[PDB]
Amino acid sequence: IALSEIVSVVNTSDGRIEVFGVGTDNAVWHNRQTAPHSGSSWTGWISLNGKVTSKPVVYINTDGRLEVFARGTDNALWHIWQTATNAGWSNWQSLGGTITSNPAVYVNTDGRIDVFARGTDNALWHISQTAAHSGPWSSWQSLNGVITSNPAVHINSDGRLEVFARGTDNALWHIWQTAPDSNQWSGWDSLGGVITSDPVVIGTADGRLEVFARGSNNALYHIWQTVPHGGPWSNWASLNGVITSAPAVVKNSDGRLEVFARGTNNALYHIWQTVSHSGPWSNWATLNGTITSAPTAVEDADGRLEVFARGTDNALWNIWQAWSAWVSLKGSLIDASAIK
């Protein structure tokens, strides 16, 4: 499994990027832009406390309240939430279970958050809010299978959640809701290939799921739905390169997909659709730097991509689509990924 993303990042409901990482104390720390603009100053790192043994994953509830999910020292799923949109936080609360992966998080069309995690049986399990952005939470329920990666989740353009994970054959497997808001899940399907990273999944500007992963030759690969929210899937296509981290994918403000990955020389590299969305891909270009994590990419409130990655000093470094000079957000981050 290629070197993981070190932070979870979201553009908040007031247009400020907030990042969540694990400190040397194994607590979750957050940093937020002071202003909703490219090159904004930052609040600085503020602790949510806790003791996590996974990558923390933030998600924005449909009412704008941020909610962080992370495995605890007891291997239970824990969570903590803003009590008001972009305001104070709750205490950490357990959702129980015994999980063996980072959580994957998305929200159903009914505003109910769905959290996916590998179990001690190596099956995909999930637990959900029973009301929109509200407790109580459901029971833990199994979707079966045997997965050898952290899971990834994205909603289809018809509101059906779809989960991607590596199988015991190192192929990309996936499973989907057969209707929105449903616990009627499909059987597992193999999209084949051999992946040596966690999969990442995004929705194209024309409403198709597209999955990126590193292959056995350390090139970037991708595969996509050929119709909106539907099969068949394309064959695997190489985007080439030699990458030494997990890839991070993001949509430009004009819908062009752009992928960030660490190269052999430990610099940040990127490759993008040219002209328009679902257009022909560029060749790889360097953004330089020296990074000790996978990059994490998000669009800011000015419609510019922002990239975060840990540096050799273990601080979180930022670069944005002007491109800008590398700047440090400081702090000291660790890779707490449940699967490495």
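A residue's number is simply how far along the shown sequence it sits, counting from 1. Rigid core here is just the name for the largest C-alpha set that superposes within 1.5 Å across the two forms.
Comparing 273-281 with 57-65 by root mean square Cα distance to the shown form in 4 other deposited structures of this protein, with the rigid core used for the fit, gives 273-281 as the more displaced stretch. The modelled chain breaks between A322 and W323, where 1 to 3 residues of the deposited sequence lack coordinates.
Higher mean CA temperature factor between 288-296 and 274-282: 274-282, per the PDB entry. In this entry, 83-91 has the higher mean Cα B-factor, the comparison being between 246-254 and 83-91. Within the listed group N108, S157, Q225, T98, the record reports its top CA B-factor for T98. When the modelled residues of the chain are ordered by their C-alpha B factor, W125 lands in the middle third. Ranked against the other modelled residues of its chain, the C-alpha B-factor of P199 as given in the entry falls in the lowest third. In this PDB entry, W188 carries a Cα temperature factor that places it within the middle third of its chain's modelled residues. In this PDB entry, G64 carries a Cα temperature factor that places it within the lowest third of its chain's modelled residues. In the PDB entry, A309 places in the lowest third of its chain by CA B-factor.
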